[PDB]
Amino acid sequence: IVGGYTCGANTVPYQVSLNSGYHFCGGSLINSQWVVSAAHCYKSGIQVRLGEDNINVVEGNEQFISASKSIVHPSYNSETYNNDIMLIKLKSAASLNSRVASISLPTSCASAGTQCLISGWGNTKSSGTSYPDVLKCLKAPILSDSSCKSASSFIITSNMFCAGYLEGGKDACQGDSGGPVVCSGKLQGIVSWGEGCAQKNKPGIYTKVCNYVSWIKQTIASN
Ligand SMILES: N=C(N)c1cccc(-c2nocc2C(=O)Nc2ccc(-c3ccccc3S(N)(=O)=O)cc2)c1
Ligand SMILES: [Ca+2]
Ligand SMILES: [Cl-]
């Protein structure tokens, strides 16, 4: 997160960190046994870390649970980034509490202009590198489709939306990938990609979760 602020411990209780000896992607807890993340974060032997704030210190409230299945969307295209969504099943159901809680799937898509919360432990610099210890947050508005496409050097599919600030300085970034965009208490986005981070006229691009609700429910029910 570039140009954001320190969330405060466990103020984003659905935010999880994907770990393979180190943090590498975020994810969102959607029920006691399932996590929504990004297809491009796929890796085998993922450990899910829930209830995290400072990812480098054991503070308490953590739960570490191995991924038992990582289900990349069958139509995920690593070129075009279309369908950048992955479902992770935890080996064990998480113990849900005030600091480890699920976030609701949307019932309808979010609308342009709505301010949403984006969070993660990714890069906090637009040029250069600094990774935080504690969870960072950013409130950013969903941008219209036409300004998105006007800004982007790459094709924006109907499964993506732009959110953030065209003047630069405020954006998600590497390491936030797979993490949540929550608008009015609903998981509407997944940190997917962007042209660098926090550059002028180059907003963050996010997977449009509301397109996947039926797929998410069906997949979960058959696994
Ligand atoms: N600014 C962000 N919100 C953000 C979030 C996560 C990662 C990065 C990021 N930080 O550094 C690089 C990055 C990056 O995502 N690069 C990138 C650019 C374009 C595409 C892409 C999009 C659509 C179609 C095709 C492509 S592709 N694969 O041909 O380039 C994919 C990745 C930035
Ligand atoms: Ca910790
Ligand atoms: Cl920090």
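Residues numbered from 1 in each chain as written, not as in the entry; some residues may be left out. Chains lettered and ligands numbered in written order. Heavy atoms only, no water.

- Looking at the method and resolution fields of the entry, one finds X-ray crystallography and 2.000 Å.

**Brief notes about the sheet that holds strand 3 (residues 23-31)**
- In spatial order, the strands read 2-3-4-7-6-5; together these 6 strands close into a barrel with antiparallel pairing. Taken pair by pair, the neighbouring strands of this sheet meet at an average axis angle of 40 degrees, ignoring direction.
- Sheet topology note: the strand 4 (residues 34-37)/strand 7 (residues 86-90) ladder contains 4 bridges and is antiparallel. Within strand 7, the position partnered with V36 by the bridge is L87.
- Contacts between helix 2 (residues 213-222) and the sheet are confined to strand 3, strand 4, strand 6 (63-72) and strand 7, with strand 7 contributing the most and set at about 30 degrees to the helix. (Pairing = 2+ DSSP bridges. Helix = DSSP H or I, 4+ residues; strand = E, 2+ residues; numbered from the N terminus. Axes fitted to C-alpha atoms, helices over the stretch in contact; angles between N-to-C directions. Contact = heavy atoms within 4.5 Å.)

**Some words on the site of ligand 1**
- Within the structure, ligand 1 sits among 14 residues, and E79, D171, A172, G194 and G196 are positioned closest to it.
- The side chain of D171 places a nitrogen or oxygen atom 2.6 Å from a nitrogen atom of ligand 1.
- Residue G196 places a main-chain N or O atom 3.0 Å away from a nitrogen atom belonging to ligand 1.
- A total of 670 Å² of accessible area belongs to ligand 1 in isolation, and the protein chains cover 76% of it.
- Within the shell around ligand 1, the residues separate by chemical class into 6 nonpolar, 6 polar and 2 charged.
- Looking at which domains feed residues into the shell around ligand 1, each of domain 1 (1-12 + 103-210) and domain 2 (13-102 + 211-223) supplies at least three. (Near = heavy atom within 4 Å. Polar contact = N/O pair within 3.5 Å; in protein donor to acceptor, adjacent residues only side chain to side chain. Areas by Shrake-Rupley, 256 points an atom, 1.4 Å probe, with all protein chains shown as cover. Nonpolar A, V, L, I, M, F, W, Y, C, P; charged D, E, K, R; others polar. Domains from an automatic or database assignment.)

**Looking at the side chain of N123**
- Note that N123 resides in the loop between strand 8 (115-120) and strand 9 (136-141).
- For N123, a relative accessible area of 5% gives the class buried.
- A distance of 3.0 Å separates the side chain of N123 from the backbone nitrogen of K125, its partner in a polar contact.
- Sequence-distant contacts of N123, that is, excluding residues within four places in its chain, are made with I1, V2, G128, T129, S130, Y131, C173 and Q174. (Buried < 20%, exposed > 50% of the residue type's maximum accessible area, 1.4 Å probe, protein only.)

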